[PDB]
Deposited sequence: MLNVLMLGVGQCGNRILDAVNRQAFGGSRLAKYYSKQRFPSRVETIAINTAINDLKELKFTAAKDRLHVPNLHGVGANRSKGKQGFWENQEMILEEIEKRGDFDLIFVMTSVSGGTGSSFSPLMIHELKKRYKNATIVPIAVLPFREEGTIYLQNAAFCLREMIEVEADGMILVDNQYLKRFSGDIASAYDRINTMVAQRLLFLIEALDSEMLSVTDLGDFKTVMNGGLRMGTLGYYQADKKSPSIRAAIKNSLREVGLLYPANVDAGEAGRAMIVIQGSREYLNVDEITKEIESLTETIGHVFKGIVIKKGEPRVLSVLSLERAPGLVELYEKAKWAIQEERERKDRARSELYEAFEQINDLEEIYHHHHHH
C-alpha cells in the first residue's frame, strides 16, 4: 500500500542502497508496497561496483567532484532536470529515503539540493535523509564537509534525519571494506524492518503520521535502534532495552541521560512471544526517560526483534564533530601564519646580513 522511493547518493549512499537490495532479495523469498531504488553517482566506477542493483536503477551523472562540495553543487544544478526526471518516471511516492554520507563531495551536496526539489514535487511525502557521519580521524575536508552538510539538511526541512555514526560503528581495525559492510548491513537491515513495520499495520498513508511525529520532534535528528533476540532468551523487556542502549543504536545517543524526546518502538515476532500487557508495561517505563513513545506490534514468524526510532532533544556527539571541524579549519590558518611569519623573519635576518656586508 506504501509507495517507497530509496535514493542512494554518492559512494556511501550507493553501497547502502546495494545492501538494501541485497537483503530485499531474501525478504522476497520468504513472502510465500512498491519499493523503488535508484543509486545516483557522478563516478561511474562506483555504480559499476554495485552488485545487487539493476542496471536501470544505476544513474550516472556525468561530471571530477572529489570531496569538493562546491563542484558537487554545480554538478547537481547542471544535471538537476535529468536526475528529477529519472525519479518522476517511477510514479508517486508516499515515503522517500535519501541516503548519503555527509562527508564526501557528491552525496553530501546533491542530497540537500535533491530533497529541496523533492519536497516541492511530492508535497504530501515523508522525506527522510539517512546521514552517514565520518570516522573521527578522517581528514580535515571530511569533517568540514560534514559540518556544512548537516547544516543544509536541517535547513531544507526534511522530515527528520537518521544519523549513522561510522565512528561508533567502526569495526575491523584497518579493514575499511569490512567496516563499511558491517555498517551498511546494519543500516539496510534497520531500514527494511522500518518499511515492513510501516507497511504491515497500514490502512492509509496517514498511518505514516506517528513516524513523522517522532522524526520531526526535538532537534529533527534521530537514529534507529535494533535488537534481535535469541530463542534462549526471548524476553521482550530485554529486547526493548537492548535496542535503546548505545550498542543497539546507529548513533550513540544516551537514552538514560534523556537525550531522546520521542520514540517509536516496533516489536516483531511469533504471536506466542507477544504479550501485549507486558509490552505495554515496558513502554510505560520508557516515558520516564523518553517523553512520547509510540508502539507497534507486528506478527511475523520468528524470535522477537525490536526496532526503535528515536528523536533527539540533545546531540553532544554532533557538537564534538563541529568543534573538530572548527579546530581543523583553524589549524590550517595558523599553519599559514607561521609560514608568513618565518618568511618575514628570514627577510629581517637577510637585511642585517646585507647591511653587515655593505659595511665591510
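Trainee: Residue ranges with no C-alpha coordinates, please: along the deposited sequence, counted from 1, in order.
Mentor: Holes in the chain trace, numbered from 1: 33-40, 72-73, 371-373.
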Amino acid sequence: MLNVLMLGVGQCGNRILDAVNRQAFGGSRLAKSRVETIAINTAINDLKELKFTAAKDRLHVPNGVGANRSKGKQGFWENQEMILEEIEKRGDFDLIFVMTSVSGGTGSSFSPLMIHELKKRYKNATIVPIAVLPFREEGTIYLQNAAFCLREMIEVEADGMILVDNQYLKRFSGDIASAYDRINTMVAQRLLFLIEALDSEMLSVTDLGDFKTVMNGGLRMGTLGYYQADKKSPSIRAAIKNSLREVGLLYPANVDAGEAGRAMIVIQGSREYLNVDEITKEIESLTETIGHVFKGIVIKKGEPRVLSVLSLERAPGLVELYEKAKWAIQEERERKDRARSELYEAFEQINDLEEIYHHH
From here on, numbers count along this sequence of modelled residues.
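Trainee: Name the higher of the two by mean Cα B-factor in the PDB entry, 167-175 versus 277-285.
Mentor: Result: 167-175.
Trainee: Mean C-alpha B-factor higher for 3-11, or for 350-358?
Mentor: Comparing 3-11 with 350-358, the higher average CA B-factor belongs to 350-358.
Trainee: Out of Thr37, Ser311, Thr42, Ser28, whose C-alpha atom has the biggest B factor in the entry?
Mentor: Spelled out: the listed residue with the top C-alpha B-factor is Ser28.
Trainee: For the listed residues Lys295, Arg69, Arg305, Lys32, which one has the largest C-alpha B-factor as given in the deposited model?
Mentor: Of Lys295, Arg69, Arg305, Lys32, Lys32 has the highest C-alpha B-factor.
Trainee: Determine, from the deposited record, the chain-internal third of the Cα B-factor for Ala325: lowest, middle or highest.
Mentor: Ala325: CA B-factor falls in the middle third of its chain.
Trainee: Within this chain, which third does the Cα B-factor at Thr140 fall in: lowest, middle or highest?
Mentor: Highest third, going by the recorded CA B-factors of the chain.
Trainee: Using only modelled residues of the chain, where does the Cα B factor of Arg58 rank: lowest third, middle third or highest third?
Mentor: Middle third - that is where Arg58 ends up once the chain's C-alpha B-factors are sorted.
Trainee: Would you please rank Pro129 by its C-alpha temperature factor against the other modelled residues of its chain and give the third it falls in: lowest, middle or highest?
Mentor: Lowest third of the chain for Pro129's C-alpha B-factor.
Trainee: Would you mind checking where the Cα B-factor of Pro252 ranks among the modelled residues of its chain, as the lowest, middle or highest third?
Mentor: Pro252: CA B-factor falls in the middle third of its chain.
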